[PDB]
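Engineer: Chains as they are written, first to last, in the authors' numbering: chain A, 897 to 1097; chain B, 897 to 1097.
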């Protein structure tokens, strides 16, 4: 209606078309964030860097991608808190996916040992607990590492492997239970924080 | 279809081509993030700043680069959490690579000693433990440094060298085990946190 009113009285389309074009660019630089999203979605769909069913972490948002679209991707979190992520972050921003070519993952079990202990006994107990599990992988050998002279307790890390991304927590539960039972049986001290006080009067 | 309908009724291509060009730039500034990625990938491929098989750290993401492409680079993390990084961060953003010209690295072993100890004895024990290893390099001499008058314990650092980037942790394990054994043998006190309390009533 405004265009018709202006044309029927002023008729200056050939006069304000340049202003229209300048305003058009100055105000259509608002669609960059949308067209980039669309192009990123198309690129993701064509290249297939992530597939449906794997675990993806981006921006401290780890979860299983459920549906992929041309505008936004839906990731079901571990609490079914559906996260909607623009595909521009999927294309032009770095991400992590845990199931790409080998669907295997290593996990660490950290513990502290008292200063007056037996490092060889602790290593044997940890290795036996890791090996006795009927699920941990054997081709990559699980190892125990002495990695830190802690302020109160020496730090020990057991880096061991799981080939299934689903049960990454039940294995940790069983391993920790077995480690605690073996430590209690073999009398390995897991000391608390320690300090020395000098007192007078 | 819309173009044909507009042309067959209005025929104003020569009238809205300027608006088309303005919108084209305003909405094709959405491909900057993609073309920069492509050009960065091409530049990385030509210049070869990083090769396949070395260890690269960028944005707190350290791992071994597996495949390099024109759009995104794949880095297998230490947990096989495949990180997909746009090559724009590889070209226009700083990074670190541990295997460029000499594939060697120095590592530090930190420990604390009690105030009432023998600094010369501690230095001798640390140097003997560092030297007795059959892997640490000898051309750069390993040294022990007294670097901090700590609040509770004096801080000692052993900076020693490894020429292989693969076994950077097993050497640390063996060195720490040997250091602990030698300290226990020679009676060197690794004190905990200490404080003094004044009490009354």
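Idealized CB from N, CA, C, for every residue including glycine.
Would DSSP call residue 1083 of chain A helix, strand or coil?
Structural biologist: Along the first chain, one-based indexing puts residue 1083 of chain A at 187. In the structure shown, residue 1083 of chain A sits in coil (DSSP, three-state: anything other than H, G, I, E or B).
Engineer: For the beta strand (DSSP E) containing residue 1013 of chain B, list its first residue and its last residue.
Structural biologist: Working through the second chain from its first residue, we reach residue 1013 of chain B at position 117. It is not in any beta strand (DSSP E) - residue 1013 of chain B carries neither H nor E in the DSSP assignment.
Engineer: Under the DSSP definition of a beta bridge, which residues are partnered with residue 1052 of chain B?
Structural biologist: By one-based count along the second chain, residue 1052 of chain B stands at place 156. Looking at the DSSP assignment, residue 1052 of chain B forms a beta bridge with B:1007 and B:1042.
Engineer: List, from N- to C-terminal side, the alpha helix (DSSP H) runs of 4 residues or more that fit wholly inside the segment 960-1005 of chain B.
Structural biologist: Taking only runs of at least 4 residues, the alpha helix (DSSP H) segments lying wholly in the segment 960-1005 of chain B are 983-987.
Engineer: Contact between the segment 915-928 of chain B and the segment 959-973 of chain B: three or more CB pairs below 8 Å?
Structural biologist: Because the criterion of three Cβ pairs below 8 Å is not met, the segment 915-928 of chain B and the segment 959-973 of chain B do not touch.
Engineer: Helix, strand or coil for residue 907 of chain A? Go by DSSP, reduced to three states.
Structural biologist: As a first step, residue 907 of chain A must be located in the first chain, where it is residue number 11. Coil at residue 907 of chain A, not helix or strand.
Engineer: Buried or exposed for residue 1002 of chain B, going by 16 or more other Cβ atoms inside 10 Å?
Structural biologist: Start at 1 with the first residue of the second chain, and residue 1002 of chain B comes out as number 106. Residue 1002 of chain B is exposed by the Cβ-count criterion.
Engineer: Decide yes or no for the touch test of the segment 982-994 of chain A against the segment 1037-1054 of chain A: beta carbon pairs closer than 8 Å, at least 3 of them.
Structural biologist: At 8 Å Cβ cutoff, the stretches do not touch.
Engineer: Quick one: using the 10 Å Cβ neighbour count with 16 as the cut-off for buried, is residue 978 of chain B buried or exposed?
Structural biologist: Residue numbering aside, residue 978 of chain B sits at position 82 when the second chain is read from its first letter. Buried, since its Cβ has 16 or more Cβ neighbours within 10 Å.
Engineer: Quick test of the definition: if touching needs 3 or more C-beta pairs under 8 Å, does the segment 1024-1040 of chain B touch the segment 1048-1061 of chain B?
Structural biologist: Yes, the segment 1024-1040 of chain B is in contact with the segment 1048-1061 of chain B.
Engineer: Compare the C-alpha of residue 913 of chain B against each of B:1046, B:899 and B:1088 and name the closest.
Structural biologist: Counted from its first residue, the second chain places residue 913 of chain B at position 17. Minimum Cα distance to residue 913 of chain B is reached at B:899.
Engineer: Distance check for residue 990 of chain A and residue 938 of chain B, CA to CA, integer angstroms please.
Structural biologist: Within the second chain, the letter at position 42 stands for residue 938 of chain B. Within the first chain, the letter at position 94 stands for residue 990 of chain A. Rounded to whole angstroms, residue 938 of chain B to residue 990 of chain A spans 18 Å at the Cα level.
Engineer: Hey, does residue 1025 of chain A have any beta-carbon neighbour from chain B nearer than 8 Å?
Structural biologist: Working through the first chain from its first residue, we reach residue 1025 of chain A at position 129. Not one chain B Cβ lies under 8 Å of residue 1025 of chain A.
Engineer: Scan the segment 1037-1053 of chain A for residues whose Cβ lies nearer than 7 Å to a Cβ of chain B and list them as they occur along the chain.
Structural biologist: Cβ contacts with chain B come from 1041, 1042, 1043, 1045, 1047 and 1048.
Engineer: Using CA coordinates, which residue listed in B:1035, B:1014, B:1010 and B:1005 is at the minimum distance from residue 1025 of chain B?
Structural biologist: On the second chain, residue 1025 of chain B is found 129 positions in, with the first residue counted as 1. For residue 1025 of chain B, the nearest C-alpha among the options comes from B:1005.
Engineer: State the Cα-Cα distance for the pair residue 966 of chain A and residue 943 of chain A, rounded to the nearest angstrom.
Structural biologist: What you label residue 966 of chain A is simply residue 70 of the first chain in a count that begins at 1. What you label residue 943 of chain A is simply residue 47 of the first chain in a count that begins at 1. Distance between the alpha carbons of residue 966 of chain A and residue 943 of chain A: 13 Å.
Engineer: What is the residue span of the beta strand (DSSP E) that residue 1090 of chain B lies within?
Structural biologist: By one-based count along the second chain, residue 1090 of chain B stands at place 194. Start and end: 1089-1094.
Engineer: In angstroms with no decimal places, state the Cα-to-Cα distance between residue 1083 of chain A and residue 1090 of chain B.
Structural biologist: To locate residue 1083 of chain A, count along the first chain from 1; it is residue 187. To locate residue 1090 of chain B, count along the second chain from 1; it is residue 194. Cα to Cα, residue 1083 of chain A sits roughly 27 Å from residue 1090 of chain B.
Engineer: Does any residue of chain B have a CB that is nearer than 8 Å to the CB of residue 1000 of chain A?
Structural biologist: Translated into the one-based positions of the first chain, residue 1000 of chain A becomes position 104. It does: the Cβ of residue 1000 of chain A has a partner Cβ on chain B nearer than 8 Å.
Engineer: Looking at the unbroken alpha helix (DSSP H) that takes in residue 952 of chain B, where does it start and where does it end?
Structural biologist: As a working note, residue 952 of chain B is residue 56 in the second chain. Note, residue 952 of chain B: premise wrong, no alpha helix (DSSP H); beta strand (DSSP E) at 951-953.
Engineer: Report the CB separation of residue 950 of chain A from residue 993 of chain A in whole angstroms; it is logged as a contact under 8 Å.
Structural biologist: Counted from its first residue, the first chain places residue 950 of chain A at position 54. Counted from its first residue, the first chain places residue 993 of chain A at position 97. The Cβ separation is near 5 Å, so the contact holds.
Engineer: If I measure Cβ to Cβ from residue 953 of chain B and keep anything under 6 Å in the same chain, skipping five residues before and after, which residues do I get?
Structural biologist: Here residue 953 of chain B refers to the residue found at position 57 of the second chain. These residues qualify, in order along the chain: 992.
Engineer: Opposite residue 958 of chain B in the DSSP bridges: which residues?
Structural biologist: In the second chain, counting from the first residue as 1, residue 958 of chain B sits at position 62. Residue 958 of chain B pairs with B:953.
Engineer: In chain A, which residues lie with their C-beta within 9 Å of the C-beta of residue 1013 of chain B?
Structural biologist: To locate residue 1013 of chain B, count along the second chain from 1; it is residue 117. In chain order: nothing, as chain A lies at least about 14 Å away.
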